[PDB]
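Below, each value reflects all heavy atoms present in this structure, side chains not excepted, and no hydrogens, waters or symmetry copies. Note that the numbering runs from 1 along the sequence shown for the chain.
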Amino acid sequence: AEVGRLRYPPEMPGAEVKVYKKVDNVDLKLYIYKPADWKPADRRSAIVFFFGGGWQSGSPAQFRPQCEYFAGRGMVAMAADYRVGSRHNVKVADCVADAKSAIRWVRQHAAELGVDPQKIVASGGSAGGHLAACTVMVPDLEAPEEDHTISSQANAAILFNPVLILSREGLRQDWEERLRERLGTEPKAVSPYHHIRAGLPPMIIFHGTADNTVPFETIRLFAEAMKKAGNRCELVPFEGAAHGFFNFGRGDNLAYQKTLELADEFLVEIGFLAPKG
Ligand SMILES: [Cl-]
């Protein structure tokens, strides 16, 4: 409910604003939080958050608290706007292009951001978690006006109850034709589950076991298949928790603090953050 009441466009107090993409006459912005000791020639890890909202609505404000946390830990932390259905009359494949554009932009501009271009983390909640997952493992579906010599692939992912299975193949023609028109492409082309293979970037996933929007079982299957392929895919179930459980301002912030603690340790584990101390 509280995520639902967030402002668009957000204020994002303390963020620097950068336009990463111009498309359909809209400027898509990154809201960039730097650590207090940031200096130009730093080579920090970065994290880019994608808000949730069913590819229909939402706001970068959702992930403001997370950005401030990760900035305080030494990362360049940012929340990306991306086109959605209610504002821009786009479909999911467009959202995926925008997410990929954001990662590509951060990598392209890593030097001036004070960022290591091979320590860029994608993150998001629900539909934004799907987008993050697409930046790590789904091939680019389009070549927008951007630097095609720079990869769009994130180096790690941190997902908060993501959608990861968008096709029914390998689990009814009309439903896949239905999905094709909703998604703007063949459903498998924006289905992370359908692109599981060896040699993918590491990730951590936080998911409630009582999630009635994205069933936990889809995430368990994803994670099990990822481990079978030799990938580091850490799945943290939150027993009895519902969709959106991880958000700032939810359930006395307990699950908010817990997800951040475990996300932080994962980033230490993969060498993206120094140990606390
Ligand atoms: Cl739920």
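- Side-chain atoms of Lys100 come within 3.5 Å of backbone N or O of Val138 as a donor-acceptor pair.
- With no hydrogens or angles considered, no side-chain donor-acceptor pair links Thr209 and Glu239 at under 3.5 Å.
- By the 4.0 Å N-to-carboxylate-O rule, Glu224 lies too far from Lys227 to be salt-bridged with it.
- Between the side chains of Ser167 and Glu176, at least one donor N or O sits under 3.5 Å from an acceptor N or O.
- Using a 4.5 Å heavy-atom threshold, the side chains of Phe272 and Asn155 count as touching.
- For the residue pair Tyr8/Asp81, the side-chain donor-acceptor check at 3.5 Å is satisfied.
- The pair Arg104-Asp140 meets the salt-bridge criterion, since a charged nitrogen lies less than 4.0 angstrom from a carboxylate oxygen.
- Remark: aromatic rings of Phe50 and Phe63 are distant, center separation not under 6.0 Å.
- Between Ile32 and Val17 the shortest side-chain heavy-atom distance does not fall below 4.5 Å.
- Of the listed residues (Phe248, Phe160, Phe238), just one forms a ring-ring contact (aromatic ring centres under 6.0 Å, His included) with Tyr256, and that residue is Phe248.
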For the pair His243 and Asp211, evaluate side chain to side chain donor-acceptor pair (under 3.5 Å) and give the outcome as yes or no after the intermediate values.
-> CA-CA 5 Å; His243 204 70; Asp211 190 324; 2.8 Å; yes

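- Because its NZ or CZ atom is not both nearer than 6.0 Å to the ring centre of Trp175 and within 45° of the ring axis, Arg172 does not count as a cation-pi partner of that residue.
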Begin from the C-alpha positions of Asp37 and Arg44 and carry the test salt bridge (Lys or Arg N to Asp or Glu O under 4.0 Å) through to its verdict.
-> CA-CA 11 Å; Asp37 65 327; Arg44 294 168 180 278; 3.2 Å; yes

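- Evaluation of the side-chain hydrogen bond (donor to acceptor under 3.5 Å, both in side chains) rule for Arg232 yields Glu234, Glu269 as partners, not counting sequence neighbours.
- Side-chain contact check for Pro192 versus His130: some heavy-atom pair is nearer than 4.5 Å.
- In this structure, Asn231 contributes its side chain and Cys233 its backbone to no donor-acceptor pair below 3.5 Å.
- In summary, the side chains of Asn247 and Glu2 do not present any donor paired with an acceptor at a separation below 3.5 Å, with no hydrogens or angles considered.
- Between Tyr69 and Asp264, the side chains place a donor N or O and an acceptor N or O closer than 3.5 Å (distance only, hydrogens not considered).
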